[PDB]
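Every read-out reported here was derived from the displayed coordinates using simple, explicitly stated rules and does not represent laboratory data.
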C-alpha cells in the first residue's frame, strides 16, 4: 500500500518560519516553502499539534538555527506531492541538529 521512496538529502537555507510548519527554504538558490511532517501534540504523544506550546521554537528558532549554522540540509524526498512550491516535506536542521530537535527533547525551554 504505502510505497517507501528513497529520500535524498538536499541543502536549503531556511530564511524564516511562518506558522511552525510552513516555512521558507532557499533551495539551491531557488527558495521554496515547506510543510514538515512530524506532527505531534504538547505533553502528549504525536497526534495533532505540530506547533507545540513553546513560543519561539517555530518562528523564532526554526530560521534562527539556519542563520547560526552554515549547514542546513533537509531530509526531504525528491517526489513530494506539493501544491505549488511551498508545501514540500522536510526536516530542516542546522549543524546536524534539527530545529525541533533543539529543545523539544527536554520540554522546549520557555
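In percent, what relative contact order does the chain have, based on Cα pairs under 8 Å that are 6 or more apart in sequence?
29
Here is how the number arises for the chain: DSSP H runs of 4 or more residues each give -39500 (n - 2.57), the sum is divided by the residue count, and the result at 222 nm is -3000 deg cm²/dmol.
Stretched out fully, how many nm does the piece from residue 83 to residue 103 gain, at 0.36 nm a residue minus the Cα gap? All intermediate terms of the calculation are to be shown ahead of the outcome.
Details: separation 20, 0.36 × 20 = 7.20 nm, distance 3.06 nm.
Contour length minus Cα-Cα distance gives 4.1 nm.
Between the alpha-carbon centres of the stretch 23-64 and the stretch 83-110 there is a gap of 5 Å.
Where is the GNM fluctuation largest for the chain (alpha-carbon springs, 10 angstrom cutoff): 64, 45, 53? Its mean-square fluctuation being the largest, the pick is 45. When the alpha carbon gyration tensor of the chain is reduced to an equivalent ellipsoid, the three semi-axes, largest first, read 21, 18, 12 Å.
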